[PDB]
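Peer 1: Residue numbers (PDB author numbering), protein chains in the order written: chain H, 1 to 151; chain y, 1 to 77.
The beta-carbon is built from N, C-alpha and C at its ideal position, and this holds for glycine as well.
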Amino acid sequence: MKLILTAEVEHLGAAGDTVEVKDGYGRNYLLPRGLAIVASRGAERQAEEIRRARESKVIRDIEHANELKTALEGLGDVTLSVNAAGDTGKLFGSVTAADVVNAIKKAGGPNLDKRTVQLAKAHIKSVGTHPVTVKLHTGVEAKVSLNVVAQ
Amino acid sequence: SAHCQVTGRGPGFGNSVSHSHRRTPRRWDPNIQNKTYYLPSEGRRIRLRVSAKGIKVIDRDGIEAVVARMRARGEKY
RNA sequence: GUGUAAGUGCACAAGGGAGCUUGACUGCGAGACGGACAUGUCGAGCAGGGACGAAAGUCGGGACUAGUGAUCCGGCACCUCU
RNA sequence: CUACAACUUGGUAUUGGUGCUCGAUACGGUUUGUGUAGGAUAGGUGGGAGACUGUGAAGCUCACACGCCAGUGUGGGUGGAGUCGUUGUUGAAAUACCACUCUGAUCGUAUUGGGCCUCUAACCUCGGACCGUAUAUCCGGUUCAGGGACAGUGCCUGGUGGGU
RNA sequence: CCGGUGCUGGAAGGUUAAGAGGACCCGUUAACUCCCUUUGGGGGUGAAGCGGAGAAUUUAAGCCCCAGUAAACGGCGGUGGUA
RNA sequence: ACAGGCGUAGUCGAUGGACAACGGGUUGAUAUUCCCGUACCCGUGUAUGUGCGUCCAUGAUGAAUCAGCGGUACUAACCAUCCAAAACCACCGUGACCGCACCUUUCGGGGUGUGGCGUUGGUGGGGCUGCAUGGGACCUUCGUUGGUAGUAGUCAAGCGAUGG
RNA sequence: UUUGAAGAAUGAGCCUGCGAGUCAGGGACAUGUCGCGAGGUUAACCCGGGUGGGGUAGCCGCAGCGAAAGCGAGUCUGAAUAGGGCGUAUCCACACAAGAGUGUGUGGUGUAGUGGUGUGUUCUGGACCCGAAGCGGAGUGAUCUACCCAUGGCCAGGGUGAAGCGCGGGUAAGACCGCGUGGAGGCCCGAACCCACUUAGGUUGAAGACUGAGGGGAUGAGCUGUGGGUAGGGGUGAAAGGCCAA
RNA sequence: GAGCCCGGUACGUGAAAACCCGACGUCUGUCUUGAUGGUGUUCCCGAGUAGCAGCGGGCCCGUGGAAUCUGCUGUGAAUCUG
RNA sequence: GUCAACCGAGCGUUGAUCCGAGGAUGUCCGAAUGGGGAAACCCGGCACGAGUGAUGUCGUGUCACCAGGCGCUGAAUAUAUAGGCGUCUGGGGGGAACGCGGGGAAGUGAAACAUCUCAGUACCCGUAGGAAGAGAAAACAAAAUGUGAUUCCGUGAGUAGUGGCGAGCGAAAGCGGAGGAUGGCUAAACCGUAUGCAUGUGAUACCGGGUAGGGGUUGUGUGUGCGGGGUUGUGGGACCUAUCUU
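What follows is the structure, given as structure tokens:
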């Protein structure tokens with residue numbers, strides 16, 4: 001399995017490397033963790049490796065970082081870009097978690113995980129202003145104040 | 001069997017042998033297994049009945065692709 | 001006595017002995033026997049190329065009859081067939 | 001007699017990581033070429049007129065060892081300019097520098113493999129707990145704990161086989 | 001009574017499938033060197049490649065082999081002479 | 001392979017469990033079934049009245065605090081223990097090692113007891129730094145009570161499980 | 001049908017009716033007949049109210065020998081015209097050679113097959129007709145009988161008198177002994193009931209496996225009822241190769 | 001035993017409604033913003049597939065020298081000098 | 001109506017009886033479908049309506065199962081999912097043969113028999129249709145300057161061949177014919193697109209050059225769904241780039 005590493009591993013090398021390894025290793029251990037990527041294309045593999053490396057470096061957190069993000073979760077109003085019909089007051093399409101987290105990227109700063117976003121508690125597809133909360137800690141969770149771009 | 005799911009590599013029915021024949025089949029099964037996988041899209045673990053061949057197909061083709069191809073066939077996965 | 005059972009024959013020797021020696025060949029074969037059929041048996045004579053012999057002539061295994069097994073399927077050498 | 005079920009053996013896909021040990025393959029410096037003339041195991045071989053030394057050498061005792069035990073090269077260290085130039089003998093010349101590199105024994109580097117001690121992430125759990133579930137010794141899902149690349153299944157293969 | 005057959009155990013050996021290997025050869029031919037009448041036909045070497053049947057070697061169980069086992073199937077003899 | 005095989009929820013299934021009627025008379029034929037008489041078990045209406053509690057509120061409970069007495073006790077830090085960081089003195093068969101007289105083929109190699117730094121090495125005790133332990137408290141504080149705050153709320157006609 | 005049957009070898013009660021060499025197919029071979037004649041004939045199909053017209057793709061003949069290349073009234077083998085094999089419709093007339101059996105070269109006479117149909121035999125198909133035991137596939141069946149499950153019921157009557165318990169003797173205490181109670185038992189005699197040992201009868205039966213008189217068990221490894229389950233190379237079997245709808 | 005009795009035939013007639021054929025006009029698209037040819041090189045021409053090996057089926061073909069077509073496993077390529 | 005008469009009572013020129021096409025009603029079982037069930041018979045729910053002094057009763061409807069679409073929720077558990085609730089459309093079974101894909105015997109013949117044959121037949125399964133399936137060359141052929149989708153019929157051919165070279169099986173090419181549509185539609189390179197998982201030259205790039213505001217038609221990636229372009233064999237096509245430019 002020709003794949004491009006993302007992190008450092010025993011007897012393979014370091015991040016960014018290119019290795020031909022055993023198929024099952026790459027099948028079961030690395031590739032389903034987001035720790036590697038198939039080598040199918042030059043620029044496709046290059047871009048994926050670069051972006052995945054940046055995101056893996058930037059995704060980390062600790063318990064105390066959660067205790068601090070529990071305070072920093074009361075950010076300013078992070079707005080969301082929308083294409084919908086304002087005719088009746090219903091939205092065409094549901095809006096991603098990437099969109100919310102990239103809005104936080106370009107307004108507040110923290111580039112969080114789409115996973116922990118309680119978007120279900122947002123209940124998008126009703127035109128208004130949805131609240132939000134996120135599994136920051138085991139026990140501690142803080143809240144964000146939000147608004148929507150009228151369509 | 002429960003039948004394959006990604007390709008449709010069903011059985012077959014052989015027959016005779018060497019050392020004088022005797023006429024007599026022996027199904028040539030396919031090699032299905034019970035490997036599981038993970039759908040990052042919908043956040044879920046799926047178990048399938050897939051041959052090693054089909055695993056090959058997956059790892060050089062994706063899983064989303066495969067479930068869409070199976071949705072076509074409307075297998076009750 | 002005849003290599004080996006028995007018979008028919010062998011002294012005119014097919015018995016015994018000595019010298020050369022490879023016909024213990026190739027290509028054929030008139031006419032005949034015996035014959036359910038397939039098998040089986042002899043066969044003069046012609047040609048090349050030889051043996052022996054001075055020559056005539058004899059030699060296509062053994063004095064004769066037994067000593068072995070069809071067809072199919074494969075194997076080896078040679079062919080100016082495909 | 002021939003064959004089949006069932007059982008069983010091994011190879012292979014599922015099916016991987018590190019460590020050790022035992023093989024041969026190739027990139028690599030290496031041990032090592034007893035024919036008399038005679039320092040004489042004369043590495044055969046193509047340029048070929050100095051020979052590497054001094055970015056520290058003879059003869060050397062000793063760390064070493066083979067051994068065709070006459071002999072062979074190797075290193076702490078003195079030594080501080082020593083054997084040597086066709087040394088001359090020859091099919092053939094140095095064993096001077098340089099080198100395509102073979103009959104060799106050793107050993108680094110990619111490997112190709114196996115066996116053994118293990119980790120877990122595939123896989124298995126009629127082990128537990130919770131949920132779907134109000135009822136469910138079913139089934140599924142999450143999780144804990146455990147086993148573990150073994151087992152199970154598929155394909156090829158050898159064997160026993162009146163069980164049929 | 002452990003020889004015969006079977007069961008259990010243990011491999012120092014011998015035979016031992018598949019698979020991994022792929023030496024050496026045989027087909028084909030890019031390219032040459034002679035033969036000949038001439039309007040190139042017939043001979044030899046014949047690179048790599050593609051193919052053919054392929055050995056050497058490494059190969060487990062089993063079998064042969066070594067012991068145990070009969071409230072396991074099973075088996076248990078004769079002649080002669082002397083008071 | 002497909003046909004189909006099993007099977008949980010559940011649903012059917014008495015040969016059993018629970019559940020309210022006995023005697024006499026009658027026709028040409030039925031009879032605990034109709035008739036005569038006396039009884040019983042479900043439900044359902046109308047009305048009668050004895051006690052009824054919701055509204056009134058009649059009695060009877062808790063929340064839980066600001067906090068006071070003494071005490072788990074990040075704990076600033078305290079009462080007793082050893083071992084070994086660097087380690088202190090005494091001594092003992094010392095890798096190379098500096099080296100009394102002699103065995104020893106007549107000698108280049110095979111050594112010994114005392115002798116000296118080193119102390120790859122060995123035993124003993126004492127100023128000893130790191131160590132955690134049980135005991136008593138201080139911060140946090142958890143245990144015992146005065147106001148309170150059984151005040152606003154709360155239980156009290158009934159039927160009451162498809163649950164125990 | 002038998003060497004041989006009036007045959008005491010088989011078959012037939014009698015009548016009436018029914019009941020066994022057939023058809024397909026350009027099939028094969030042989031032979032009659034008809035058309036054509038070195039030629040013969042079409043198939044599918046198209047057109048046709050009909051049985052008729054067309055349709056040249058094909059087949060059979062017209063030259064064979066040889067494994068084959070290949071050659072050709074010759075060819076194959078072989079070194080060979082040197083013999084032979086096969087073939088050259090057959091006869092006829094003249095020659096030359098031998099009478100080892102006749103051959104060889106000329107001349108003329110000139111070659112007859114094919115398509116319909118009929119008959120006989122024949123090939124493939126059930127192939128003159130009737131007749132098995134038994135093989136395979138898919139299903140039906142445990143209401144009889146074999147066994148198991150779930151739930152109820154039945155076993156008159158009379159005897160024997162285990163364990164235990166009590167009293168008494170005995171004991172140092174026991175063990176032990178006697179009297180009583182208790183009333184167990186794959187216990188006993190005997191009806192119902194379940195079986196079926198002997199024997200007689202029946203034996204074109206009352207009966208497609210019974211009756212009469214006797215007999216075994218008869219509180220248990222019981223008999224039975226209602227409902228249910230196991231199904232064919234499979235079930236079930238206190239096991240006989242027994243039972244699974246006479 | 002019927003041409004001339006009857007029923008009916010040869011022949012010609014007949015459908016308010018439903019059904020089927022086409023026929024139309026609706027309705028629907030669809031090319032119209034276009035084409036013929038030129039010219040030198042990069043890119044594409046249907047991937048777990050075709051191919052090869054191991055067991056097998058069926059093809060005139062019974063594993064045979066055995067193509068083409070294929071089923072299960074295992075391995076596994078290129079895009080037109082393919 | 002009739003076997004099938006008898007009796008009684010009636011209707012009909014105002015057009016009956018009779019025939020044809022469409023409608024209505026259409027008890028109960030049956031795929032059977034509210035639940036259940038020994039088939040045609042037992043019990044119910046919900047909305048409405050009729051009815052009783054109230055209950056009982058009665059009538060009209062509707063309630064199964066799965067597959068898909070849409071809608072609400074997203075349990076363990078965070079994303080979120082399986083699942084749950086509502087609505088909408090389908091399927092469900094029967095059939096005489098005919099078809100396609102799959103499975104798949106045996107008696108028979110071989111004078112035995114296993115390979116073979118009987119036969120890939122019978123039978124079984126899954127799905128159809130009025131017909132099915134196949135079908136446009138990764139084909140045949142042999143140097144002929146050929147053919148040109150497929151299928152079904154005739155012949156080739158009982159041949160070449162295959163085969164315990166035994167029984168027996170057995171083509172195709174080619175040729176003549178029926179019918180003709182020598183038929184069409186897509187993917188990919190390449191653009192324009194909505195996007196969706198990612199990131200940030202955070203800039204000399206997103207476009208027709210150029211005169212240029214911005215300061216990103218997101219800057220660059222990558223698959224997804226839509227739209228263009230493209231459908232070939234003597235190769236074509238998309239980029240490119242001239243020419244006439246209906």
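For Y29 (chain H), which three-state DSSP category applies?
Peer 2: helix
Peer 1: Return the first residue and the last residue of the beta strand (DSSP E) that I59 (chain H) is part of.
Peer 2: First-last for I59 (chain H): undefined, no H or E at that position.
Peer 1: Within this structure, are the beta carbons of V95 (chain H) and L80 (chain H) separated by less than 9 Å?
Peer 2: The Cβ atoms of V95 (chain H) and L80 (chain H) sit closer than 9 Å to each other.
Peer 1: Hey, out of H:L91, H:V149, H:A142 and H:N147, whose CA is closest to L72 (chain H)'s CA?
Peer 2: H:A142
Peer 1: Within 8 Å, do at least three Cβ pairs link the region 84–98 of chain H to the region 58–68 of chain H?
Peer 2: no
Peer 1: Could you name the residues of chain y that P32 (chain H) contacts, counting a contact when the two beta carbons are closer than 7 Å?
Peer 2: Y38
Peer 1: Check whether chain y comes within 9 Å of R54 (chain H), counting only Cβ atoms and requiring the distance to be less than that.
Peer 2: Cβ-Cβ to chain y under 9 Å: no for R54 (chain H).
Peer 1: Spatial neighbours of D29 (chain y) within its chain, please: CB distance less than 8 Å, with the 5 preceding and 5 following residues excluded, ordered by chain position.
Peer 2: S1 and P11
Peer 1: Following the continuous alpha helix (DSSP H) through residue 161 (chain H), name the residue where it begins and the one where it ends.
Peer 2: With chain H running from 1 to 151 in the structure shown, residue 161 (chain H) is simply not present.
Peer 1: Quick check on the burial criterion: 16 or more other C-beta atoms within 10 angstroms. Buried or exposed for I46 (chain y)?
Peer 2: exposed
Peer 1: For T36 (chain y), which residues from the same chain have a beta carbon less than 8 Å from its beta carbon, with the 5 sequence-adjacent residues on both sides left out?
Peer 2: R45, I46, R47 and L48
Peer 1: Can you tell me which of H:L112, H:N147 and H:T70 puts its alpha carbon nearest to the alpha carbon of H137 (chain H)?
Peer 2: H:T70
Peer 1: Would you say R115 (chain H) lies against chain y (beta-carbon separation less than 9 Å)?
Peer 2: yes
Peer 1: Just the C-alpha distance for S16 (chain y) and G8 (chain y), rounded to the nearest angstrom, thanks.
Peer 2: Here the C-alpha atom of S16 (chain y) lies approximately 26 Å from the C-alpha atom of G8 (chain y).
Peer 1: Determine whether the Cβ of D87 (chain H) lies closer than 9 Å to any Cβ atom of chain y.
Peer 2: no
Peer 1: Would a check of beta-carbon distances place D29 (chain y) closer than 9 Å to chain H?
Peer 2: no
Peer 1: With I104 (chain H) as the anchor, note down where its alpha helix (DSSP H) starts and where it stops.
Peer 2: Looking at the DSSP string, the run of the alpha helix (DSSP H) that includes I104 (chain H) is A97 to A107.
Peer 1: At what residues does the alpha helix (DSSP H) containing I55 (chain y) begin and finish?
Peer 2: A52 to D59
Peer 1: Whose CA, out of H:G139, H:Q151 and H:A150, lies closest to the CA of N66 (chain H)?
Peer 2: H:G139
Peer 1: Which residues in chain H sit within 9 Å of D59 (chain y), going by Cβ to Cβ distance?
Peer 2: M1, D23, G26, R27, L31 and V38
Peer 1: Per the DSSP calculation, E20 (chain H) is bridged to which residue(s)?
Peer 2: H:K2
Peer 1: Classify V6 (chain y) as buried or exposed, calling it buried when 16 or more other Cβ atoms lie within 10 Å of its own Cβ.
Peer 2: buried
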